[PDB]
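Residue numbers (the deposited numbering), protein chains in the order written: chain E, 28 to 56; chain c, 24 to 310; chain b, 2 to 192. Even for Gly, the Cβ is constructed at its ideal location relative to N, Cα and C. Below is one structure, written out as structure tokens, with a few remarks after it.
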Amino acid sequence: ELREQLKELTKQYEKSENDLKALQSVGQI
Amino acid sequence: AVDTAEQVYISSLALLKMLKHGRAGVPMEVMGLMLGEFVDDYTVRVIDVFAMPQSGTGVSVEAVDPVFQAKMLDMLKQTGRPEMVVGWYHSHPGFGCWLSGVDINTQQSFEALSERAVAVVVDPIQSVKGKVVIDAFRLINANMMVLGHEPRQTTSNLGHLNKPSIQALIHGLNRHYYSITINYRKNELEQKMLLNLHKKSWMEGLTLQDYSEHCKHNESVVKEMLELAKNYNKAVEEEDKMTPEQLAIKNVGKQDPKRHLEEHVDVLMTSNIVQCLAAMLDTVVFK
Amino acid sequence: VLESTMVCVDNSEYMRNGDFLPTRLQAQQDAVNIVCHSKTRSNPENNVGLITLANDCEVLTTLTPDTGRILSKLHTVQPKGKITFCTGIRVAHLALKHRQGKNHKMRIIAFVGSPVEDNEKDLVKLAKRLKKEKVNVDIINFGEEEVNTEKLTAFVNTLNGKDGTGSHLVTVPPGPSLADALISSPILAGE
């Protein structure tokens, strides 16, 4: 299950990193 | 232990590039690196500043291409400036000259690399058509603060530093970072160059202004002068009489006769006199 | 060894010749390919650059450790004009001067199969200049085994002085592609 576990972890990494990047953009007025 | 009289002589080139980059980067806290040199223990010479392609977010910025920077370094060594990194600068458009938390961390890194690195801040928003809002900085050691040591020995009167700004104090000036004195040194070529920049060409130097436009210009100026004379006569009709001393400047917040009269009479002096002189001089010099 | 190698290549109208199989231009292509491969098999950081010798002695590629660009550019060439030399060598020397890697030893190699219309006195003076500038030269001549071989021998002797073995001459008679000579040549045999 090496490939499947790696793929799931990579998907989690992608989503988590995208969320962190998203958290760092204040709004405007 | 570091000295208070430490100076940073920034090349005019470096200053121009810093300011242009920051003014381009408003509001982005745009960032760039500079190559200079540590001549001695009391001086740091800043030669050139080159920006960073990175364009991050409207509140923050980030390094993108360490490869970009390494290649720039190698090539500029090949030709250009064989200096090598001494600090880094970034604009703070409308904040003063203080270092944010991330600023301080970046610095901490810079000093870790080279204990005597430098940070630099510029305010293209504030830098006026004249004096320019810039400053240099180096962190303050928390070890020293806790041990009771002091940032720099001030073996000079070069510690006034022109009244450290209240905003910098607020944001942390002299409690985690301390200002340093900038200076500009020219090896006479850029100096007389700077002189040349404004200088204009003999084309105009002798080019008499057209004369029809000039006649109409005089017509308009004399007309507005007539009207200003009318209102000036009215104003003097009382002036001190009826005692506006209490009124003072607040007699009226508009349309002072005398100031306009003197302004326009001066400008028409300039125009008419110099044009007549140019006419005389040309008539006689082209023969 | 750290080596910065400039290479000049003739493309005179004589290089329209085909005495060397398949033809002179293709023999030059083979020679450049083999030399580039030899240099790559040498210290990889070693850097290379290219010049073509013609009526205006143009330059193709500045210093670079790559060989793909070298060979690619060299392919897009046709023989024209007559070798101007002298100017080509001077340009190549300036090239070696403006090399990023100063540690690299400075080595020029010239494919000069042609008749050389040069004054031997100025050849000797240029030899003096180049030796004092500490750059070693290797010549690969083909064709004019008589017209310029004596001139090039004198030039190489000048460069060598009494011990400057770094200078080298390789004149090849009529025959097959200019590959076997180069591979079994002192310039690459030492390598």
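Asked	Found
Rounded to the nearest angstrom, what separates c:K273 and c:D279 at their Cα positions?	11 Å
Is b:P174 near b:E146, with beta carbons less than 7 Å apart?	yes
For b:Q79, tell me which candidate among b:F143, b:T24 and b:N34 has the shortest Cα-Cα distance.	b:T24
Along the chain, which unbroken stretches of the beta strand (DSSP E) at least 3 residues long are found entirely within the segment 104 to 169 of chain b?	106 to 112 and 137 to 143
Tell me which residues share the same chain as c:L162 and place their Cβ nearer than 7 Å to its Cβ, disregarding the 5 neighbours each side in the sequence.	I127, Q130, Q131, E134, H199 and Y200
For the segment 228 to 241 of chain c and the segment 60 to 68 of chain c, state whether three or more C-beta atom pairs, one from each stretch, are separated by less than 8 Å.	no
DSSP state of residue 1 of chain b, grouped into three classes?	Limits of chain b in this structure are 2 at one end and 192 at the other, which puts residue 1 of chain b out of reach.
Please report how far the alpha carbon of c:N241 lies from the alpha carbon of c:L249, in whole angstroms.	12 Å
Please name the residues in the segment 57 to 84 of chain c whose beta-carbon is closer than 8 Å to at least one beta-carbon of chain E, in chain order.	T80, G81, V82 and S83
Can you confirm whether E:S52, when its beta carbon is compared against all beta carbons of chain c, has any partner nearer than 7 Å?	yes
Mind checking who c:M57 pairs with in its DSSP beta bridge?	c:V72 and c:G110
Which residues mark the beginning and the end of the beta strand (DSSP E) in which c:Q30 is found?	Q30 to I33
Hey, is the segment 300 to 309 of chain c in contact with the segment 59 to 77 of chain b, meaning 3+ C-beta pairs nearer than 8 Å?	no
Using 8 Å as the cut-off, can you tell me whether the segment 161 to 180 of chain c makes contact with the segment 212 to 221 of chain c, which would need three or more C-beta pairs spanning the two stretches below that distance?	no
Thinking just about the alpha-carbon of each residue, which of c:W121, c:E106, c:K100 and c:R139 is nearest to the one in b:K103?	c:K100
In the structure shown, what three-state DSSP assignment does b:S5 receive?	strand
Looking only at C-alpha atoms, which of c:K281, c:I70, c:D146 and c:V125 sits nearest to c:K257?	c:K281
Helix, strand or coil for c:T306? Go by DSSP, reduced to three states.	helix
How many whole angstroms separate the CB atoms of c:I70 and c:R46, which I take to be in contact at a CB cut-off of 8 Å?	That belief does not hold up - the Cβ atoms of c:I70 and c:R46 are roughly 21 Å apart, past 8 Å.
Taking 8 Å as the cut-off, does the segment 30 to 41 of chain b touch the segment 81 to 95 of chain b (at least 3 CB pairs, one atom from each stretch)?	no
Identify, in the order they occur along the chain, each residue of the same chain with its Cβ nearer than 7 Å to the Cβ of b:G19, setting aside the five sequence neighbours on each side.	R25
I need the boundaries of the alpha helix (DSSP H) containing c:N256, first residue and last residue.	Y234 to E261
Where DSSP assigns a beta bridge to c:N206, which residues make up the other side?	c:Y32
When you compare the CB positions of c:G182 and c:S114, do they come within less than 7 Å of one another, or not?	no
May I have the straight-line CA-CA distance separating c:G119 from c:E268, to the nearest angstrom?	42 Å
Who are the near neighbours of E:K48 in its chain, counting only those whose CB is closer than 7 Å to its CB and skipping five residues on each side?	none
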